[PDB]
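Taking it in order: structure first as C-alpha cells, then the write-up.
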Protein chains: 2
Amino acid sequence: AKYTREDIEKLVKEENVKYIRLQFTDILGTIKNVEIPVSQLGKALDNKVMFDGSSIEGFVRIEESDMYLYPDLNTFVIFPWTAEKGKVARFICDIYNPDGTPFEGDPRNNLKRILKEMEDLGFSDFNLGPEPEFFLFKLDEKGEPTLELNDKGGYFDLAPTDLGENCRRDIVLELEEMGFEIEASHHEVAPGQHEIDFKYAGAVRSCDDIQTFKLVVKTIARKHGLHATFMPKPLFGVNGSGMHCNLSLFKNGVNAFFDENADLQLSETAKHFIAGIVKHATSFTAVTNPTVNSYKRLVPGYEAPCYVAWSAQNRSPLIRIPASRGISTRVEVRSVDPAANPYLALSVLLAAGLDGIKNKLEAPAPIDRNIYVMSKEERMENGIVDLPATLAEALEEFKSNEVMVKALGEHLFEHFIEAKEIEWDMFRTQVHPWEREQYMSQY
Amino acid sequence: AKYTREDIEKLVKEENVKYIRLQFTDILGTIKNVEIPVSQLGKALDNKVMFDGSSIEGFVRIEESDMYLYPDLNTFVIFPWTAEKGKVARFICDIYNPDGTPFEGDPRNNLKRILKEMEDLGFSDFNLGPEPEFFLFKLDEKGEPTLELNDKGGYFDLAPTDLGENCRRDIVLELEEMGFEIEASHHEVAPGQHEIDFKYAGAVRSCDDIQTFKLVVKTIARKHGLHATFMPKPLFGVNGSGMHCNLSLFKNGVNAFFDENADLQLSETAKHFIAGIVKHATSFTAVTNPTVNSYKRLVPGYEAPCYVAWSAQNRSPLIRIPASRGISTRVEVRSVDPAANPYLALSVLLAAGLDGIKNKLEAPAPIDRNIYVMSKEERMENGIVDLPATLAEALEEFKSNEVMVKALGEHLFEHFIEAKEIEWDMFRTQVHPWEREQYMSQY
Ligand SMILES: Nc1ncnc2c1ncn2[C@@H]1O[C@H](COP(=O)(O)OP(=O)(O)O)[C@@H](O)[C@H]1O
Ligand SMILES: Nc1ncnc2c1ncn2[C@@H]1O[C@H](COP(=O)(O)OP(=O)(O)O)[C@@H](O)[C@H]1O
Ligand SMILES: N[C@@H](CCC(=O)O)C(=O)O
Ligand SMILES: [Mg+2]
Ligand SMILES: [Mg+2]
Ligand SMILES: [Mg+2]
Ligand SMILES: [Mg+2]
C-alpha cells in the first residue's frame, strides 16, 4: 500500500539517491545490510540481489548458502545524512531460499507467519507501543567509548538544556522528518539514561521502527561525540535500560481486550490472553532477554520485574495494564530490554498470547499488594514465581516449552540455542576481575 | 572499441587535464607509473615514450634496459581528485621491446598471450567477477599505520554508519563515477575488514579494474586518515582477506558451462575445466598466493580453502559452483587472495581450465560431504590433498609443473621464482620475536 515501484524510481531520481543500503536483521537482532550503488536499483527491486544467507545466523554460521533479498517498498527511507555525491536510501527486506520459499530462519518472516496464524483465529492487527530505554556515554580522543555520562540528570528531569548537546532532542527531531511517530521523551532514572516512547503500530512496522530507532540513535549520538547503547545493565549499581512493550489485539478494526461489562473492562479475550503470557513467562524470557547481562538488570532493586504477576498499579509488576481502557486498552510487558530481538520478542509474546486464547486459559488472581515486600515465604502462598536469574536458567526453561519452541520453527530455534549456549559457555569459563579480587587473598 | 585518439584529445582539453600517468604493473602486481605533463600527450599516444623496463622485475632488476609504453585508449580515465593546477588522467600501458615487439616480461601481455590460446581452442570470452577483501587501519600522529582497525563491524553488518567516516560507501560511490560497475559491498567477517564485489568482465578488462580499485581504495582511505591494506592476513587469529575469482568460459557469446543436459546442469566443458583446475591446483598456488604471509591465512579455522575439491555447499571448498545459473554458470576459485598479480593469476587459472578442456580430463567426485570435518587419513580416504603450507612448499610444486611454467613463459617464470626464492630466504633467515619468546628462556 504505502508506496509503489513507480513512486520510488521517481523519488530516487528526485532526491538524488546515489547509494542503496538494503538492510536486514540477523538472529541476535543486529542490523545486517548489503549495500549497492543506486545504479543497481532495477536488479534490486526485481528481487534478484543475492547475498550470503548464513549471515542471519551470526557468529555461529558455518557454510555459505546463497539467498535473495526481497525489499518491502513500504519501508523506503531517504537518510537526512548526505554523502558528498548524493544521499543514501534504505530498504528493509525479507530473506528467501534460493528456489522460491521464504527462508524459515528469518526473524521477519517468522513474525509474518505467527502473525498469519493470528488471523487464523480472526484478529486483524497486533499493535505495539515500545518504551525502549538507552544510555549516552562520552568518547575519548580515540573514538573510544569511555564510561562517563553525557550528564547527571534523573527521572523526568530536564536533560541537557537546548543550549548544547541535547542528543535526545536532536535525535527525536531527526526521526520526525523521517516520518516517524514519537509519543514523547524524557530523561530516565540514571544519569545519561534517556527514553523515547513510540506511538503504537502494527507489529511488523513496529519491529522495523524499533530497529531504525537504534540506528538513528547510534548515528546521531556518535555525531555529537557520544556513544549510545541498549545494553540492559551497563553500570553495576545504577538503573538498567529496559524496553517495555505495550501490546493490544484488534478484531474487525476494534480492540479485543476491552469489555464494558466484564470484570475490569476486560473481555474473555483480554483475560485469557494474559493467562498465557503468565503460563509462559519464565520460559520466553530467554528471548526477550538474549544476553548474559540482562539478568544483572532483572535483579530485584531498581524497579525491574523479578516476579511473574499482574496488577492495577504495583511497584514493578511484570505485567501491568495501563489506566486507560477502550481502544488504548493494552497490556504492558516491562521485562523486555532493548537487546531483545523485536521480531523474536513479538513472535514469542504473540505466541503465549494465542496459546492462552486457544486453550481458553484461566487468568490467575492479580497481585495488587506490593510484590517486593513479601518475605521469601508468603511469596509461594500466592504462587508468585520468580524469573530465571542467569541466561542458562532462562534457556533450560525455554528449551523445554513446547509452544515457544514452535513459534520459532526448527531452523530459528535450533540455532538460537547454540549461539546462546556458546555465549553462556564464554561467561562461565571466564575469570573476571571479581573472582580474582575476592579469592586471591582470602584463600 | 571505446575511444579514438581524436576522442581522447577532446576530453583532455575540455576536462583540463594537466598531468598524465602512463600506468603499468610490475611482476608482483605493484602498480608502477611513469608520469608526464599533458604537454606531452602526443608523444605517448604515438607510442614513443621510453622508460626503464627493468623496473618490471621489481627489486630483482639488475641491468638497465630501455623499453616502450603503448597506452590502451579504452582505459583512459580522469581521477575525480584535482591537483592545485588542473586534473590528472591515466592509461594502462602495455610494454614493448625497443623494436615494437611485446615484452615477454609484462604480466598484461602474458594474459593476452594466454587468452590467445583460448581462441586456438575455440572460445570467445573468459569472464571474471572478483570478490576482493580489505582492511582499514588507523593512522597515528606521523601519518603511519597503527594496528587500530577503523571500526568493530562483523559479517554483513552495517559497516560504519552513514554519519561520519564511511570509507567503504565512499569508495563504492567514487568508483561509480569512474565508469566502474559495482555489484554490491558489505562489511566483512573481521572488524575493519571490507568487501566490494565486481560485475563480471573479460579477463583483462577486469584485471585493469582490479588494479585501479586497489589504487582508489588506498587513495580514499588515506583521505580519511586510514590505512587500506590488501594483506592476506595482517593479524594472526583474525579472519584474513581473500579474493575469490568467479570464472566462466564463453564461446559464441554464450556461457559454455551451462547445459540442462548434464550433471547438475554442467556442460561437458565445465566438467573438463574443473578437471584441469584440480590437476594443477597445488602447482598454481605459488602464484595466486605469492607472499610468505599468504599461507598464514591457509591455516584451517578462520574459514579458508585449505583443501582441494568442488561441491554444492561446504565449510570452505577450493572450487565452488554458486546457486546462480544460465549465463551465470561459473567456477568460483576460492583460494586466490588479493596478494596475487591479476594478469598472472588468470594466466595460470586460464591455463589449467584449458588443460582440462584441451586434454579431455575427467572431473573427480565432487565431495558434497563437509571436508573440514575429516581426519588426515579419514581425509585420505577420498582424493583430498591440502595445499602447500609454506611458500617454500608452494614454489617447489609450481616449478615441477610443465603447464604452469608454459602458462607464464620463460621470462616471467624465471624472474618470478628468482624474486620469490629471495623472499623465503629473507624470511627463513630472519629471527622473529616468536622464536625469542619461545626458546630464549626455555633453552
Ligand atoms: N492499543 C494499544 N496497543 C499498543 N500500545 C498502545 C496502545 N494504546 C497506547 N499504547 C502505547 O501507550 C503509550 C501511550 O498511549 P496512550 O494511548 O496515550 O495512553 P493513555 O491513554 O494512558 O494516555 C504509548 O507509548 C503507546 O505506544
Ligand atoms: N558469467 C559469469 N562469469 C563470471 N562471474 C560471474 C558471472 N556472472 C556473475 N558472476 C559473479 O558472481 C558474483 C555473484 O553475483 P550474482 O548477483 O549472484 O549473479 P547472477 O545474478 O548473474 O546470478 C558476482 O560478484 C559476479 O561478478
Ligand atoms: N578468505 C576468506 C574470507 C572470509 C569471508 O569473506 O567470509 C574465505 O575464503 O572464506
Ligand atoms: Mg520507563
Ligand atoms: Mg511505562
Ligand atoms: Mg566474501
Ligand atoms: Mg564467495
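Residues displayed in chain B correspond, in order, to Swiss-Prot positions 2-444.
Structure determined by X-ray crystallography, 2.9 Å.
Placement of Cβ uses the backbone N, Cα and C atoms for every residue, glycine included.
Copied from Swiss-Prot, the annotated features are:
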type: DOMAIN; residues: B:16-101; note: domain 'GS beta-grasp'
type: SITE; residues: B:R62; note: site 'Important for inhibition by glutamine'
type: DOMAIN; residues: B:108-444; note: domain 'GS catalytic'
type: BINDING; residues: B:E132, B:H245, B:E333; note: Mg(2+) 1 binding site
type: BINDING; residues: B:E134, B:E189, B:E196; note: Mg(2+) 2 binding site
type: BINDING; residues: B:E184, B:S249, B:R316, B:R321; note: ATP binding site
type: BINDING; residues: B:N240, B:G241, B:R298, B:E304, B:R316, B:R335; note: L-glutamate binding site
>> Cβ within 8 angstroms of the Cβ centroid of B:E132, B:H245, B:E333: which residues besides those meet this for the Mg(2+) 1 site?
In response: B:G130, B:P131, B:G243, B:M244, B:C246, B:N247, B:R321, B:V334, B:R335, B:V337
> Among the binding-site residues B:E196, B:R298, B:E304, B:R335, whose Cα is within 10 A of the Cα of B:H245 (Mg(2+) 1 binding site)?
Replying inline: B:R335
> Could you state the CA-to-CA distance between B:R62 (site 'Important for inhibition by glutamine') and B:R298 (L-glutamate binding site) to the nearest Å?
Replying inline: 29
>> Please report the three-state DSSP label of B:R321 (ATP binding site).
In response: strand
>> Across the domain 'GS beta-grasp' (B:16-101), what are the DSSP residue counts per state (helix, strand, coil)?
In response: 16 helix, 37 strand, 33 coil
>> Sub-8 Å Cβ contact with chain A: please pick out which of the binding-site residues B:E134, B:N240, B:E333 have it.
In response: none
> Could you tell me the C-alpha distance between B:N240 (L-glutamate binding site) and B:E196 (Mg(2+) 2 binding site) in angstrom, no decimals?
Replying inline: 13
> What Cα-Cα separation, expressed in whole Å, is found between B:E132 (Mg(2+) 1 binding site) and B:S249 (ATP binding site)?
Replying inline: 15
> Other residues with Cβ within 8 Å of the Cβ centroid of B:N240, B:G241, B:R298, B:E304, B:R316, B:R335 at the L-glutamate site?
Replying inline: B:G243, B:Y303, B:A305, B:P306, B:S317
> Helix, strand or coil: which one is B:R298 (L-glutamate binding site) in, per DSSP?
Replying inline: coil
>> What does the structure give for the C-alpha distance between B:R335 (L-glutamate binding site) and B:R321 (ATP binding site)? Integer Å is fine.
In response: 7
> Taking B:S249 (ATP binding site) as the reference, which of B:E189, B:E196, B:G241, B:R298, B:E304 (the binding-site residues) have a CA within 10 A of its CA?
Replying inline: none
> Is any of the binding-site residues B:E184, B:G241, B:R298, B:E304 within 10 Å of B:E134 (Mg(2+) 2 binding site) (Cα-Cα), and if so, which, in sequence order?
Replying inline: B:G241
